[PDB]
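Sequence positions in the sequence shown follow the working numbering and run 15 to 72.
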Amino acid sequence: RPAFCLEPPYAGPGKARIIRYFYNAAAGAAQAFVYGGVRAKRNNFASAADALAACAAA
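Encoded structure:
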């Protein structure tokens, strides 16, 4: 599993209010968060489906 999958969501310093998803490794589940539109890190997906697709596998 990529290391980035275990990192917490990163909102960043942007002013936008974009709904994105992160893989919550603690829970083994995709979870929504608010992304500001700048300086996204890798645990940041357009959908719950894509978050699981990328990060669910061991």
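Every residue, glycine too, gets a C-beta built ideally from N, C-alpha and C.
**OP:** Indicate, with yes or no, if the ligand COA has a heavy atom lying under 6 Å from the CB of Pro22.
**Re:** Of ligands this structure carries none, so the ligand COA is not represented either.
Original post:
Is the distance from the Cβ of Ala63 to the Cβ of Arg15 below 7 Å?
Top reply: What you label residue 63 is simply residue 49 of the sequence shown in a count that begins at 1. What you label residue 15 is simply residue 1 of the sequence shown in a count that begins at 1. No, they are not a contact pair.
Original post:
Beta carbon of residue 74, beta carbon of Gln45: below 7 Å?
Top reply: Within the shown structure, residues of the chain are numbered from 15 to 72, placing residue 74 beyond reach of any answer.
**OP:** Look at the Cβ atom of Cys19, then the Cβ atom of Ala41, and state whether they are nearer than 7 Å.
**Re:** Here residue 19 corresponds to residue number 5 of the sequence shown, with the count starting at 1. Here residue 41 corresponds to residue number 27 of the sequence shown, with the count starting at 1. No; because the gap between Cβ atoms is not below 7 Å, this pair is not in contact.
Original post:
Where in the stretch 22-46 do unbroken runs of the beta strand (DSSP E), each at least 3 residues long, occur, reported from the N-terminal end onward?
Top reply: 32-38
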